[PDB]
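Presented below is the structure to which this report refers.
Since every read-out is calculated from the coordinates, none of them should be taken as a lab result. Counting neighbours? That spans all protein chains shown, and the Cβs are built from the backbone with ideal geometry, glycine included.
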Amino acid sequence: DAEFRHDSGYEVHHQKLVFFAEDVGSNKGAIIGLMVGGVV
Amino acid sequence: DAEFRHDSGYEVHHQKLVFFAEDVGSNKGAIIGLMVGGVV
Amino acid sequence: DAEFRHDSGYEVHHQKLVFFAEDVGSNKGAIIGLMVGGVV
Amino acid sequence: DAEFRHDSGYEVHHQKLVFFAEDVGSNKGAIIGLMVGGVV
Amino acid sequence: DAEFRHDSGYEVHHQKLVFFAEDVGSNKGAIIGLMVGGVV
C-alpha cells in the first residue's frame, strides 16, 4: 500500500568538476551573467 | 501493492568533468550568459 | 502487485568529460549563451 | 503482478569524452549558443 | 505475470569519443548553435 516518490529536477549522486585556467593576456573585456571558476 | 516512482529530469549517478584552459591572447571581448571554468 | 517506475529525462550512470583548450590568438570576439570549460 | 518501467529519454551507462583544442589564430569572431570545451 | 519495460529514446551502454583539433588559421567567422570540443 505504501507509495514512495522521489522527484529530482536535477540529481547527481556524485559530481566531480576540476577546472584549471591560466591566462596570459592583455585588455580582455567581458560581461558574464554567472561566473564559476573563471578568469576573465 | 507498493508503488515506487523515481523521476529525475536529469540524473547522473557519477559525473566527472576535467577542463584545462590556457590562453595567451590579447584583446578578447566576450559576453557569456553562464560561464564555468573558462578563460575569456 | 508492486509497481516501480523510474523516469529520467537524461540519465548517465557514469559520465566522464575531459577537455583541454590552449589558445594563442589575438582579438577574438564571442557571444556565448552557455560556456563550460572554454577559452574565448 | 509487479511492473517495472524505466524510461530514459537519453541514457548512457558510461560516456567518456576527450577533447583537445589548440588554436594559433588571429581575429576569430563567433556566436555560439552553447559552448563546451572549445576555443573560439 | 510480471512486466518489465525499458524504453530509451537514446541509450549507449558505453560511448567513447576522442576529438583532437588544432587550427593554425586567421580570421575565421562562425555561428554555431551547439559547440562541443571545437575550435572556431
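If residue B:25 satisfies every condition in (1) crowded, with 17+ Cβ neighbours inside 10 Å; (2) in a strand (DSSP E or B) but one, which is the exception?
Going through (1) crowded, with 17+ Cβ neighbours inside 10 Å; (2) in a strand (DSSP E or B) one by one, residue B:25 breaks only (2).
How many residues are part of a strand (DSSP E or B), acidic (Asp, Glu) and over 30 Å from residue E:27 (Cβ atoms) when one looks only at the stretch C:1-22? Steps first, please.
Looking only at the stretch C:1-22, we keep the residues that are part of a strand (DSSP E or B), and these are C:3-22.
From what is left, the residues that are acidic (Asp, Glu) are C:3, C:7, C:11, C:22.
Filter again for over 30 Å from residue E:27 (Cβ atoms), leaving C:3, C:7, C:11.
Residues that pass the stated criteria total 3.
When only residues in the stretch D:28-40 that are of a type in the set (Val, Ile, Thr) and assigned to a strand (DSSP E or B) count, which is surrounded by the fewest Cβ atoms within 10 Å (Cβ to Cβ)? Let's see the steps before the verdict.
Just the residues of the stretch D:28-40 that are of a type in the set (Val, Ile, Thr), to begin with: D:31-32, D:36, D:39-40.
Those left that are additionally assigned to a strand (DSSP E or B): D:31-32, D:36, D:39.
Values: D:31: 17, D:32: 25, D:36: 22, D:39: 32.
Only one residue fits best here, namely D:31.
With the requirement that a residue be within 15 Å of the chain's Cα centre (by Cα) and more than 17 Å from residue B:39 (Cα to Cα), what does the stretch D:6-21 give you? Steps first, answer last, please.
The initial filter retains those residues of the stretch D:6-21 that are within 15 Å of the chain's Cα centre (by Cα), namely D:10-12, D:14-21.
Within the stretch D:6-21, D:10, D:11, D:12, D:14, D:15, D:16, D:17, D:18 meet the criteria.
Determine whether the stretch D:22-29 contains at least one residue that is under 28 Å from residue E:10 (Cβ atoms) and either among the aromatic types (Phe, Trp, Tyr) or within 22 Å of the chain's Cα centre (by Cα) (or both).
Checked against the condition, which is being under 28 Å from residue E:10 (Cβ atoms) and either among the aromatic types (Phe, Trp, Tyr) or within 22 Å of the chain's Cα centre (by Cα) (or both), the stretch D:22-29 yields no hits at all.
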